[PDB]
Each structure stands twice: as structure tokens, then as C-alpha cells.
Amino acid sequence: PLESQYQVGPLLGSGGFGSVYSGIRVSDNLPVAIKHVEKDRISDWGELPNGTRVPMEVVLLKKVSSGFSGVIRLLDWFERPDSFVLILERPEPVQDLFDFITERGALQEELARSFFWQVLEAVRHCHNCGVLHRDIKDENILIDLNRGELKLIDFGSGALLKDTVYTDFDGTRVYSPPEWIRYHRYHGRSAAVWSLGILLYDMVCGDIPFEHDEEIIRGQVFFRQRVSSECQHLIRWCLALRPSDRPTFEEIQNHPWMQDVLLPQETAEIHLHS
Ligand SMILES: O=c1c(O)c(-c2cc(O)c(O)c(O)c2)oc2cc(O)cc(O)c12
């Protein structure tokens, strides 16, 4: 028992998501990421089947961590007097999509297609497990550079999926939908599809389409890079001002732009010089 079943290594990063360190599980040398979150900085709390008070992030991760891929899995967690420590898997080598885009600029549509498809599969898995991420963006997507597999991270702004309206939100504003900005109300799926629209534009144009509230509310999409008509159409559809005018995940994946996706390994061999 006790939290010394892990050897601590360098700090990988730190921000609103806590402090994350590279580590190793001593029992079988497996790579892991160790996230530390201070209790005072956690606003949303839930409870596990057994009735213990834990961060919502732990509740959500447990719900999506059974089975396989698309989402980084929570392997274990610990409670300290002033923090919680989450043990997560550590693919390697890795780079998040924000950093990848910063370095390489706008992505070729074939690569954007493989990436976007994998994000859609991951988000669907979350929703099927009753989990809404609420902070889908490039920064929260890790790329396993060797396998070409994308993994969703940072469920610290998430919530249990529900069919009623959400009146609370603490994700990233520039990825938030017009109905949140104007009325402080949104439904889970349609808000998620809006964020996926921002993400897709971000991939093919190298930057997000909106910076100011006024731009989000207006919903006018200007393309700064050459992007195919089918891709523009999908983006504009995801970014419909009326939530009910947005596509379902099924409609997104049946869209003409999404056909003939590359498999993850092919994606890495062609685009991740792997
Ligand atoms: O699971 C995670 C993870 O593996 C990594 C990671 C892995 C690497 O191999 C790196 O080189 C690196 O910088 C980060 O970061 C994270 C950051 C989070 O906020 C949350 C996570 O769950 C992870």
C-alpha cells in the first residue's frame, strides 16, 4: 500500500490541470503520469459507488477508464491531507495537439481527418459512459507519436452527462458555444459539437476561428487557409448558431469529408515520420 509504489521523475507540466510528473510503477516498470491537484482548488466534487468524497475528475475518469483507447485511463488514485494524486497512463513519445499545431501549422486535410475521427470516437466513448468532457480543445488531446493514436485528457471541467440544461461552465471560453455566452445555458451534446467545430477549424487553419464573444455570437466563419468545400461545410454545420441545427455525432461521421479515414498506424507512418 501507500503512495511509494511509484518512482517519481521530472515534472512534465503544470497549469489549471494541476502538476503532472513522469513516473514509473515499481511493480512492473510501466510508464505513468502523476497528477497532483490541491483540494482547495477543486470546486466540483462527487462520490464513488462506495460513498467516498473525491474530485469529480476521479468520478469521471473511473467511468471512462474501463475497456480501451481514446481516453487516457486512470490506473489508481490517492488522497493526501491537502491534495489528490491521480495515476494515469503515460504513452511515449507524446506531444499534445496544441504543441503539434504550434510547430507544424495548419494540418493537411488527410491528417486532420484521421485526428478528428479519433477525437469523435473518444468523445462518443465518453458520452456512452455517461461523461461529458466540456473542455475539448487541442491542448487536451495527446498524440502517441509512434502509434498515431490520440488520447483525450483533463476531465477536471467535466460533468455527468444529462439530458437537461447545464447552467454552469468552467471550460475554455473560446471553445464555448453562443448559447452559453448569451444565456448561460447549454445542453451537453450540442455544446460538445460546437467545441468539435472549433477544434476542426483549428486543425485545418492552424488557429481557432473566434477570439471575442461578439465573434462567437455572430457565428460567421472566415477561412484564413485553403480548406476544401466539404471541410468548410462540416465546420460551418458544427458551428451552427442554433444548437438544434448542429449535427449529431452520427451525422458528423457520415459526412462526405469524414469518409476513407486513415488507420492510426498509417497516420503515423505518413505524417508523424514514424
Ligand atoms: O496522462 C497524461 C500524460 O501521459 C501526459 C504526458 C505524457 C508524456 O509522455 C509526456 O512527455 C508529457 O509531457 C505528458 O500528460 C498529461 C497531462 C494531463 O494534464 C493529464 C494527463 O492525464 C496526462
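This entry, as listed in the PDB, derives from X-ray crystallography and reports a resolution of 2.00 Å.

Applying the stated criterion across every chain yields a total of 10 aromatic pairs. The interplanar angle of 85 degrees and the centroid separation of 5.9 Å between the aromatic rings of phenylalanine 169 and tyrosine 186 together place this pair among those described as edge-to-face. Of this pair, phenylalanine 169 sits in the loop between β12 (159-160) and α4 (178-183) while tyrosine 186 is found in the loop between α4 and α5 (188-205), placing the two residues 17 residues apart along the sequence. The structure contains a cluster of three or more aromatic residues connected by ring pairs, namely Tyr166, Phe169, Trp180 and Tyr186.

In this fold, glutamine 253 is placed in helix α8 (residues 249-254). Relative accessible area serves as the criterion here: at 8%, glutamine 253 is assigned to the buried category. Among all residues touching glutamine 253, those that are not within four sequence positions of it are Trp117, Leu120, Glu121, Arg124, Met258 and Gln259.

So, about the sheet that holds strand β1 (residues 6-15). One open sheet holds the 5 strands; their spatial order is β1-β2-β3-β7-β6, and the pairing between them is antiparallel. Each edge of the open sheet carries a strand with a single partner, namely β1 and β6 (74-79). The average undirected angle you get between the axes of adjacent strands in this sheet is 25 degrees. Here β6 runs beside strand β7 (residues 83-89); their pairing, made up of 5 bridges, is antiparallel. Bridge pairing links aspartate 76 to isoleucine 87 in β7.

So, how was this worked out
Residues numbered from 1 in each chain as written, not as in the entry; some residues may be left out. Heavy atoms only, no water. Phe/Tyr/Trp six-rings, centres within 6.5 Å; stacked < 30°, edge-to-face > 60°. Helix = DSSP H or I, 4+ residues; strand = E, 2+ residues; numbered from the N terminus. Buried < 20%, exposed > 50% of the residue type's maximum accessible area, 1.4 Å probe, protein only. Contact = heavy atoms within 4.5 Å. Pairing = 2+ DSSP bridges. Axes fitted to C-alpha atoms, helices over the stretch in contact; angles between N-to-C directions.

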